[PDB]
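Here is the structure we will look at, set down as C-alpha coordinates.
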Amino acid sequence: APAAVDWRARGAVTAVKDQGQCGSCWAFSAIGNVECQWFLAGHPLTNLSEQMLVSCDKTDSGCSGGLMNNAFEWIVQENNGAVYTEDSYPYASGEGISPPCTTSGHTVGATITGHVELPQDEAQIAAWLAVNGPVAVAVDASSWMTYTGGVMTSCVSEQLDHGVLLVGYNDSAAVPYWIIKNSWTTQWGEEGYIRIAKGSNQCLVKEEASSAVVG
Ligand SMILES: *[C@H](CS(=O)(=O)NOCc1ccccc1)[C@H](CCc1ccccc1)NC(=O)[C@H](Cc1ccccc1)NC(=O)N1CCN(C)CC1
(Lines of atoms letter the chains of each structure in order from A and count residues from 1; the text may use other names and numbers.)
(Lines give C-alpha, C1' and ligand atoms only; values in the text may rest on other atoms or scores of the structure.)
Protein backbone atom coordinates (compact mmCIF):
# COMPACT_ATOMS: atom_id res chain seq x y z
CA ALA A 1 0.00 0.00 0.00
CA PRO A 2 1.05 3.67 -0.48
CA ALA A 3 3.13 5.12 2.36
CA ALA A 4 0.67 7.96 2.96
CA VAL A 5 -2.88 8.83 1.94
CA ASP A 6 -5.07 11.84 2.72
CA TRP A 7 -8.48 11.92 1.04
CA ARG A 8 -9.08 15.50 2.21
CA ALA A 9 -6.30 16.65 -0.10
CA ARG A 10 -8.02 15.04 -3.06
CA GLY A 11 -11.28 16.88 -2.31
CA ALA A 12 -13.22 13.75 -1.36
CA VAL A 13 -14.21 14.94 2.12
CA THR A 14 -16.88 17.45 3.13
CA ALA A 15 -16.48 20.06 5.87
CA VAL A 16 -16.32 19.12 9.55
CA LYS A 17 -19.81 19.24 11.09
CA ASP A 18 -21.40 19.69 14.53
CA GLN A 19 -23.59 17.09 16.19
CA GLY A 20 -24.32 19.45 19.09
CA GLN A 21 -25.83 18.04 22.32
CA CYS A 22 -27.11 14.95 20.50
CA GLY A 23 -25.30 11.59 20.58
CA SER A 24 -25.75 11.24 16.82
CA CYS A 25 -22.06 10.52 16.16
CA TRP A 26 -23.06 7.24 14.49
CA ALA A 27 -25.09 9.13 11.87
CA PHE A 28 -22.23 11.53 11.15
CA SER A 29 -19.87 8.58 10.74
CA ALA A 30 -22.23 6.76 8.34
CA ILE A 31 -23.27 9.83 6.29
CA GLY A 32 -19.69 11.13 6.15
CA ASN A 33 -18.66 7.81 4.61
CA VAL A 34 -21.54 7.94 2.09
CA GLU A 35 -20.61 11.50 1.04
CA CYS A 36 -17.07 10.36 0.26
CA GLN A 37 -18.15 7.14 -1.47
CA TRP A 38 -20.68 9.08 -3.58
CA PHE A 39 -18.04 11.61 -4.65
CA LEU A 40 -15.58 8.84 -5.56
CA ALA A 41 -18.28 7.17 -7.69
CA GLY A 42 -18.18 10.17 -10.05
CA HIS A 43 -20.62 12.70 -8.58
CA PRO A 44 -19.92 16.18 -7.21
CA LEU A 45 -19.18 16.37 -3.47
CA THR A 46 -22.57 16.85 -1.80
CA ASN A 47 -23.49 17.39 1.85
CA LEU A 48 -25.93 14.65 2.86
CA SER A 49 -28.44 14.38 5.72
CA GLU A 50 -27.58 13.00 9.18
CA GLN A 51 -31.02 14.13 10.35
CA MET A 52 -32.63 11.60 8.03
CA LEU A 53 -30.97 8.83 10.07
CA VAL A 54 -31.50 10.41 13.50
CA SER A 55 -35.23 10.93 12.82
CA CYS A 56 -36.14 8.05 10.51
CA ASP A 57 -33.75 5.19 11.33
CA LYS A 58 -35.97 3.21 13.74
CA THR A 59 -33.45 0.35 14.07
CA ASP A 60 -31.20 2.86 15.84
CA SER A 61 -31.65 5.17 18.84
CA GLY A 62 -31.47 8.76 17.58
CA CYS A 63 -29.65 11.01 20.05
CA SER A 64 -29.00 7.99 22.27
CA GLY A 65 -26.72 6.17 19.85
CA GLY A 66 -26.66 3.67 17.03
CA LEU A 67 -24.46 1.57 14.77
CA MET A 68 -23.13 2.61 11.36
CA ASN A 69 -23.84 -0.89 10.02
CA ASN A 70 -27.49 -0.62 11.10
CA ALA A 71 -27.69 2.78 9.37
CA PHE A 72 -26.26 1.34 6.13
CA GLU A 73 -28.83 -1.47 6.24
CA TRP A 74 -31.76 0.82 7.05
CA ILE A 75 -30.92 3.02 4.06
CA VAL A 76 -30.92 0.05 1.68
CA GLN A 77 -33.81 -1.99 3.11
CA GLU A 78 -36.17 0.72 4.38
CA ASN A 79 -35.36 3.81 2.33
CA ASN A 80 -34.79 2.20 -1.10
CA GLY A 81 -31.09 3.04 -0.79
CA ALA A 82 -31.85 6.78 -0.77
CA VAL A 83 -29.86 9.33 1.23
CA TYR A 84 -31.31 12.87 1.26
CA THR A 85 -29.31 16.07 0.79
CA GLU A 86 -28.52 18.18 3.87
CA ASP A 87 -30.10 21.26 2.32
CA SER A 88 -33.42 19.43 1.94
CA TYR A 89 -33.27 17.76 5.39
CA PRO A 90 -31.22 20.07 7.70
CA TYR A 91 -29.77 18.95 11.02
CA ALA A 92 -32.10 20.03 13.81
CA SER A 93 -31.03 17.85 16.75
CA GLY A 94 -28.35 20.19 18.12
CA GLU A 95 -30.35 20.73 21.33
CA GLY A 96 -30.72 17.03 22.08
CA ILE A 97 -34.25 16.54 20.79
CA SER A 98 -34.81 14.97 17.39
CA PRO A 99 -37.89 16.09 15.40
CA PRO A 100 -40.30 13.54 13.84
CA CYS A 101 -39.46 11.72 10.62
CA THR A 102 -40.79 13.35 7.45
CA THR A 103 -40.54 11.37 4.22
CA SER A 104 -41.52 14.13 1.77
CA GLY A 105 -40.23 17.49 0.57
CA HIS A 106 -36.70 16.11 0.48
CA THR A 107 -34.15 15.66 -2.30
CA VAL A 108 -32.27 12.42 -2.94
CA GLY A 109 -28.58 13.27 -2.97
CA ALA A 110 -27.06 9.81 -3.14
CA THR A 111 -28.02 6.15 -3.40
CA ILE A 112 -26.19 3.14 -1.99
CA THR A 113 -26.65 -0.55 -2.78
CA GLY A 114 -25.25 -2.02 0.43
CA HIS A 115 -22.16 -1.98 2.61
CA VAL A 116 -19.00 -3.96 3.28
CA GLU A 117 -17.56 -4.75 6.69
CA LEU A 118 -13.77 -4.79 6.82
CA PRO A 119 -11.50 -7.23 8.71
CA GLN A 120 -10.31 -6.33 12.19
CA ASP A 121 -6.79 -5.62 10.94
CA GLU A 122 -5.26 -2.16 10.52
CA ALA A 123 -3.03 -3.00 7.54
CA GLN A 124 -6.00 -4.40 5.61
CA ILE A 125 -8.19 -1.42 6.51
CA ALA A 126 -5.40 0.89 5.34
CA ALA A 127 -5.08 -1.10 2.09
CA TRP A 128 -8.82 -0.83 1.42
CA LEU A 129 -8.88 2.89 2.24
CA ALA A 130 -5.94 3.54 -0.09
CA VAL A 131 -7.95 2.13 -2.98
CA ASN A 132 -11.60 2.72 -2.10
CA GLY A 133 -11.64 5.82 0.11
CA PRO A 134 -12.69 6.90 3.66
CA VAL A 135 -13.95 4.27 6.10
CA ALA A 136 -16.49 4.57 8.93
CA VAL A 137 -15.05 3.28 12.22
CA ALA A 138 -16.14 2.90 15.83
CA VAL A 139 -13.68 3.92 18.54
CA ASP A 140 -13.48 4.59 22.25
CA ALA A 141 -13.54 8.38 22.58
CA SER A 142 -13.38 8.57 26.39
CA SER A 143 -9.96 10.27 26.39
CA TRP A 144 -10.79 12.45 23.37
CA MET A 145 -12.38 15.29 25.36
CA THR A 146 -8.94 16.58 26.36
CA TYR A 147 -7.35 16.22 22.91
CA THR A 148 -5.87 19.49 21.63
CA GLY A 149 -3.46 18.32 18.92
CA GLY A 150 -0.58 16.06 17.96
CA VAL A 151 -0.43 12.30 17.49
CA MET A 152 -2.29 10.46 20.27
CA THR A 153 0.04 7.58 21.19
CA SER A 154 -1.87 6.64 24.34
CA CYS A 155 -5.64 6.16 24.06
CA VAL A 156 -8.08 4.59 26.52
CA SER A 157 -9.29 1.52 24.62
CA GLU A 158 -11.94 -0.19 26.73
CA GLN A 159 -15.30 0.20 25.00
CA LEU A 160 -16.65 1.19 21.56
CA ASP A 161 -18.83 4.27 22.09
CA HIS A 162 -18.21 6.75 19.26
CA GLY A 163 -18.41 6.77 15.47
CA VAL A 164 -15.86 8.58 13.29
CA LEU A 165 -14.42 8.64 9.77
CA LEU A 166 -10.97 7.44 8.70
CA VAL A 167 -9.74 9.73 5.91
CA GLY A 168 -6.10 8.70 5.72
CA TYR A 169 -2.81 7.64 7.29
CA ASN A 170 0.93 8.27 7.24
CA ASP A 171 3.22 5.26 7.63
CA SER A 172 6.44 7.20 7.05
CA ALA A 173 6.03 9.43 10.13
CA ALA A 174 8.18 8.92 13.27
CA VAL A 175 5.02 7.50 14.79
CA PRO A 176 2.67 6.30 12.00
CA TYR A 177 -0.86 7.60 12.41
CA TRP A 178 -4.44 7.65 11.18
CA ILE A 179 -6.20 10.86 10.16
CA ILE A 180 -9.72 10.91 11.58
CA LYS A 181 -12.61 13.29 10.89
CA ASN A 182 -14.73 14.01 13.98
CA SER A 183 -18.13 15.73 14.39
CA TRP A 184 -17.47 18.13 17.31
CA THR A 185 -16.89 21.29 15.18
CA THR A 186 -13.60 22.65 13.83
CA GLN A 187 -12.81 24.13 17.27
CA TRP A 188 -11.94 20.68 18.60
CA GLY A 189 -8.57 19.05 17.98
CA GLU A 190 -6.76 19.96 14.76
CA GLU A 191 -9.54 21.87 13.00
CA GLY A 192 -12.02 19.07 13.64
CA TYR A 193 -9.58 16.20 13.09
CA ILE A 194 -7.58 13.90 15.33
CA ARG A 195 -4.46 11.87 14.62
CA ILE A 196 -4.02 8.61 16.53
CA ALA A 197 -1.17 6.11 16.40
CA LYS A 198 -1.47 3.37 13.78
CA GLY A 199 -0.45 -0.25 14.36
CA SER A 200 -1.38 -0.71 18.04
CA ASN A 201 -5.19 -0.65 17.77
CA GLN A 202 -5.40 2.72 19.51
CA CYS A 203 -8.96 3.44 20.72
CA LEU A 204 -10.05 0.04 19.34
CA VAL A 205 -10.00 1.60 15.84
CA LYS A 206 -9.83 -1.74 13.98
CA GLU A 207 -12.82 -3.39 15.71
CA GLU A 208 -15.77 -2.20 13.58
CA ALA A 209 -14.73 -0.74 10.24
CA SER A 210 -17.18 -0.57 7.34
CA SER A 211 -18.18 1.38 4.26
CA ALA A 212 -21.22 1.99 2.10
CA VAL A 213 -21.15 0.67 -1.46
CA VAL A 214 -22.40 2.92 -4.25
CA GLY A 215 -20.76 1.77 -7.46
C1 LIG B 1 -21.83 9.33 19.83
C2 LIG B 1 -21.20 9.70 20.95
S3 LIG B 1 -20.44 11.13 21.36
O4 LIG B 1 -21.44 11.69 22.20
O5 LIG B 1 -20.11 11.92 20.18
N6 LIG B 1 -19.10 10.81 22.26
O7 LIG B 1 -19.21 10.00 23.44
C8 LIG B 1 -17.89 9.77 23.90
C9 LIG B 1 -17.95 9.11 25.24
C10 LIG B 1 -17.45 9.79 26.37
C11 LIG B 1 -17.55 9.19 27.64
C12 LIG B 1 -18.14 7.91 27.76
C13 LIG B 1 -18.62 7.23 26.62
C14 LIG B 1 -18.53 7.85 25.36
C15 LIG B 1 -22.80 8.22 20.16
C16 LIG B 1 -23.45 8.55 21.54
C17 LIG B 1 -24.59 7.65 21.97
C18 LIG B 1 -25.08 7.98 23.35
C19 LIG B 1 -25.38 6.92 24.22
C20 LIG B 1 -25.91 7.16 25.49
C21 LIG B 1 -26.16 8.47 25.90
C22 LIG B 1 -25.87 9.54 25.04
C23 LIG B 1 -25.33 9.30 23.77
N24 LIG B 1 -22.22 6.88 20.24
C25 LIG B 1 -22.86 5.89 19.57
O26 LIG B 1 -23.86 6.14 18.90
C27 LIG B 1 -22.23 4.53 19.63
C28 LIG B 1 -21.38 4.39 18.34
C29 LIG B 1 -20.88 3.01 18.11
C30 LIG B 1 -20.83 2.56 16.79
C31 LIG B 1 -20.48 1.23 16.52
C32 LIG B 1 -20.18 0.35 17.57
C33 LIG B 1 -20.22 0.81 18.89
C34 LIG B 1 -20.56 2.14 19.16
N35 LIG B 1 -23.27 3.47 19.81
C36 LIG B 1 -24.17 3.49 20.89
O37 LIG B 1 -24.05 4.33 21.80
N38 LIG B 1 -25.23 2.59 20.89
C39 LIG B 1 -26.38 2.80 21.81
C40 LIG B 1 -26.98 1.45 22.25
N41 LIG B 1 -27.32 0.62 21.06
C42 LIG B 1 -27.82 -0.69 21.53
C43 LIG B 1 -26.12 0.35 20.23
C44 LIG B 1 -25.50 1.67 19.74
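Numbering starts at 1 and runs along the chain as it is shown here.
Recorded method is X-ray crystallography, 2.0 Å.
Using the three backbone atoms N, Cα and C, a Cβ is placed for every residue, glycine included.
Taken verbatim from Swiss-Prot:
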ACT_SITE  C25  active site
ACT_SITE  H162  active site
ACT_SITE  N182  active site
DISULFID  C22-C63  disulfide bond
DISULFID  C56-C101  disulfide bond
DISULFID  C155-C203  disulfide bond
CARBOHYD  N47  N-linked glycosylation site
CARBOHYD  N170  N-linked glycosylation site
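Overlay of Swiss-Prot annotations on the structure.
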{"residue": "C22", "record": "disulfide bond", "DSSP class": "coil"}
{"residue": "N47", "record": "N-linked glycosylation site", "DSSP class": "coil"}
{"residue": "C56", "record": "disulfide bond", "DSSP class": "helix"}
{"residue": "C63", "record": "disulfide bond", "DSSP class": "coil"}
{"residue": "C101", "record": "disulfide bond", "DSSP class": "coil"}
{"residue": "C155", "record": "disulfide bond", "DSSP class": "coil"}
{"residue": "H162", "record": "active site", "DSSP class": "strand"}
{"residue": "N170", "record": "N-linked glycosylation site", "DSSP class": "strand"}
{"residue": "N182", "record": "active site", "DSSP class": "coil"}
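Ligand 1 lies under 6 Å from the Cβ of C25, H162, out of the recorded positions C25, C56, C101, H162, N182. In terms of Cα distance, none of the recorded positions chosen from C22, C25, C155, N170, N182, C203 sits within 10 Å of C56 (disulfide bond). Distance noted between the C-alpha atoms of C203 (disulfide bond) and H162 (active site) is 10 Å. It is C203 that, of the recorded positions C25, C56, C63, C203, has its Cβ surrounded by the most other Cβ atoms within 10 Å. Using a 10 Å Cα-Cα cut-off around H162 (active site), the recorded positions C22, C25, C63, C101, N170 reduce to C25. The shortest Cα-Cα distance between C155 (disulfide bond) and any of the recorded positions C25, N47, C63, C101 is the one to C25. Note on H162 (active site): other Cβ atoms within 10 Å of its Cβ, all shown chains, come to 23.
Ranking the disulfide-bonded residues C22, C101, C155 by how many other Cβ atoms lie within 10 angstroms of each Cβ puts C101 at the bottom.
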